[PDB]
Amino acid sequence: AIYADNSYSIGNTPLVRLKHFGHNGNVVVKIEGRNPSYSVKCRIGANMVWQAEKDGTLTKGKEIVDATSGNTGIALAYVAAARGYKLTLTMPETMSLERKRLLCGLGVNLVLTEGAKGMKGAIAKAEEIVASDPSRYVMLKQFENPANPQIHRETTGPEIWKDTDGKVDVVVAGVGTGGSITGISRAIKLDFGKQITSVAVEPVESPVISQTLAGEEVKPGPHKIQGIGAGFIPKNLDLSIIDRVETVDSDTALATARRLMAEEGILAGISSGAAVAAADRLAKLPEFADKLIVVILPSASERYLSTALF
């Protein structure tokens, strides 16, 4: 069991039973903080690169481009260093010194865009760079790349099936790209044949999944639950496998993350608080009382030292 590089070491993350949430320990959490770049995104950082290698879109010498300073940026950075690709990430010049320092530490070629342009700035610049030399550059596109949900169908999902001896009844996961919930749901529902309840979680400030499914007006909005609530339906969210959508507000998510640390001794990030707040709600409905609820905790605390988490 010696991994030939850090990318192969993804996953096999642990399940812990919660003591101050749910009912008689029906709530259990999967700690995605225990990963090479310390997020769930490592799995997709790994698989998007492996897949682009296998299909020939990524070769020796070609470079990777993207516009993320978030978990996927960090995940891509680790894999690119492990596998010998130069990576360019674009980002607004206004980004935090800390993620600048972290990414520079990882050997990212950081391309800072105009502040005013913000996120749009970064996306366009990466698109421009790709155009400048299409044969030299590859954009992996986490929001639409099937290698994203696929890795979850082959690792994250089966790990849940195995650790719970097939007793998992509910999976609760916050949606960013949608990959986690999609892959996990396909694995357990389709490969293992169990009719679990798949629960997507989004910010009440930006409940575009709920609005879309209700045929209501789509109203995205600002929120602090980093990692989720992109403000649109990403292609990597398979609406067909979602059974329920729960909304959580920023304050509840933050306080719940604090409770996880202070009461459970679990070092979870902002979105982990949101996912658990929603799981706790279902766990306390008599319909879910006797049912095993597994919650994805996407990331670790520390990464949020500069945020409202603290």
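Numbering starts at 1 and runs along the sequence shown.
With 115 to 123 and 74 to 82 compared on mean CA B-factor from the PDB entry, the stretch scoring higher is 115 to 123. Comparing 89 to 97 with 214 to 222, the higher mean C-alpha B-factor in the PDB entry belongs to 89 to 97.
Note on the listed residues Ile242, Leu58, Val27, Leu267: the highest Cα temperature factor in the record is that of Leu58. Reading the B-factor column for the CA atoms of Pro158, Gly193, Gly176, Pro134 in the entry, the top value corresponds to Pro134. Sort the chain's modelled residues by C-alpha temperature factor and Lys167 lands in the highest third, per the entry. Per the deposited record, the Cα B-factor of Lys54 falls in the highest third when ranked against the other modelled residues of its chain. In the PDB entry, a CA B factor belonging to the lowest third of its chain's modelled residues is recorded for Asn6.
In the deposited entry, the Cα temperature factor of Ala257 sits in the bottom third of values across the chain's modelled residues. Split the chain's modelled residues into thirds by C-alpha temperature factor. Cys42 is in the lowest one.
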